[PDB]
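One structure, as structure tokens, below. Some questions next.
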Amino acid sequence: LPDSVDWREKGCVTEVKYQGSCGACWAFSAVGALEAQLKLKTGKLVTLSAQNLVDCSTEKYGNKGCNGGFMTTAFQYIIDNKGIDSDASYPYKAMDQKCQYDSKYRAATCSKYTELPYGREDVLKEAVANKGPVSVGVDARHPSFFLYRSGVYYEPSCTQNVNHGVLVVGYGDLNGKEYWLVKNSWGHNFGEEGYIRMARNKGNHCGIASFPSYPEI
Ligand SMILES: *C(=O)[C@H](CSCc1ccccc1)NC(=O)[C@H](Cc1ccccc1)NC(=O)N1CCOCC1
């Protein structure tokens, strides 16, 4: 397997988004994963509607809009719905709204999704190298997480009990410190232009490999 991967270099990652005061991290992680598959399958990079997920993948999917949700059930909604709209046609408002999905603006579909084995960083590495960006949950309930600025993030208080959905878009090592390249949804001002490099192969640090999943078109 390659020693380093960065899907941004292959044009498979859209601009970093900003969720604001809405807990839509799960929606952003899910569309981020599908946006990469869309680029790989059609040759075009389009940001997909996180709002579509927030407004439409609700109770039936165990999701609570701005109060939280799951990437896996978001993918199921896209499968059941037979599509998800473009972000351009269905903009993010950081608020719970009525469902306004319209197939006229469908920008992608999802036929299935895959869940990786609990805590296996080696399997996660393979998937990121061979399949593409992977949605994961991390333990971000530590003030050091939002205050992260650069380098490889390591928080001794972290645990494997996850609560924040993000997207792994690569991996590598910074002078010997292995890491996962993670795209967040806290805007361009967070971390390294919207990304955080999290410790890799350090005992499933922050639970990054606890619940990984990726969709396929
Ligand atoms: C992402 O932004 C959120 C935080 S929800 C709490 C909150 C914080 C700040 C403002 C408003 C609300 N997290 C989630 O959406 C997580 C994502 C996730 C996915 C997979 C594994 C771990 C975590 N999901 C949840 O918090 N919930 C899922 C649905 O029931 C409600 C809780």
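Run the paramagnetic zone check for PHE146: 7 angstrom along Cα to Cβ, then residues of region 178-216 with backbone nitrogen under 14 Å.
Counting backbone N atoms under 14 Å from the label point, the list is 185-187, 189-191.
Short version: ³J(HN,Hα) in whole Hz for each residue of region 145-152, in order, from phi by Karplus 6.51 cos²θ - 1.76 cosθ + 1.60 (θ = phi - 60°), x for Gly and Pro, what are they?
5, 5, 7, 4, 10, 6, x, 9
Under the rule that a partner needs its Cβ under 4.7 Å from the first Cβ, which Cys of the chain have none?
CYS12, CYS25, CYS110 - these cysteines have no disulfide-compatible partner (Cβ-Cβ under 4.7 Å) in the chain.
Measuring from the lowest to the highest alpha carbon on each principal axis, how far does the chain reach, largest first, in angstroms?
Principal-axis extents of the Cα atoms in the chain, largest first: 49, 34, 30 Å.
Let me ask another. I want to check the label-to-label distance for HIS188 and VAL123. Put each point 7 Å from Cα in the C-beta direction and report it in nm to one decimal.
A separation of 3.8 nm, rounded to one decimal place.
Helix 71-81 against the longest principal axis of the chain: what's the angle in degrees, Cα atoms only, rounded to the nearest 10?
In the chain, helix 71-81 runs at an angle near 20 degrees to the longest axis.
Also, I was wondering about something else. Please arrange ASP6, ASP55 by counting, for each residue, the other beta carbons lying within 10 Å of its beta carbon, fewest first.
Lowest count first: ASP6, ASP55.
Okay, next question. Place +1 on the Cβ of every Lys and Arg and -1 on the Cβ of every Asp and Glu in the chain, take the dipole about the Cα centre, and give the residue among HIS205, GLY137, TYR153 whose Cα lies farthest towards its positive end.
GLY137
Shifting gears a bit: Cα-Cα over 18 Å: which of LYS60/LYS93; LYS131/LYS202; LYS125/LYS183?
The answer is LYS60/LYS93; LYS131/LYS202.
Relative contact order, percent, of the chain when contacts are C-alpha pairs under 8 Å separated by at least 6 residues?
27 percent
List the GluC sites (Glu not before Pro) within region 175-210 that DSSP assigns to loop and that have no more than 12 neighbouring Cβ atoms inside 10 Å.
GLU193
Regarding region 1-43, what are the three Cα extents along the principal axes, ordered largest first, in Å?
Its Cα atoms span 37, 26, 16 Å along the three principal axes.
Using just the Cα positions, wrap region 42-111 in a convex hull and report its mean projected area in square nanometres, one decimal place.
Spelled out: convex hull of the Cα atoms, projected over all directions, averaged, 4.6 nm².
Roughly how tilted is helix 25-42, in degrees to the nearest 10 and between 0 and 90, from the longest Cα axis of the chain?
Once rounded, the angle reads 80 degrees.
What is the set of long-range amide H partners of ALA107 at a cut-off below 5 Å, with H atoms built 1.01 Å from backbone N?
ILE84, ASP85, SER86
Determine, for each peptide in 24-31, 151-158, the mean count of other beta carbons within 10 angstrom over its residues, then list the peptides with the highest first.
For the peptides 24-31, 151-158, the packing ranking is 24-31, 151-158.
Please determine, in degrees from 0 to 90 and to the nearest 10, the orientation of helix 121-130 with respect to the longest principal axis defined by the Cα atoms of the chain, where the helix direction is its Cα long axis.
Once rounded, the angle reads 60 degrees.
What is the calculated FRET efficiency for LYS98 to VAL46, with r their C-beta to C-beta distance and R₀ = 22 Å, to the nearest 0.05?
0.40
No value in this document is a laboratory result; all are computed from the given coordinates. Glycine gets a Cβ as well: all are built from the backbone with ideal geometry, and neighbour counts include every protein chain shown.
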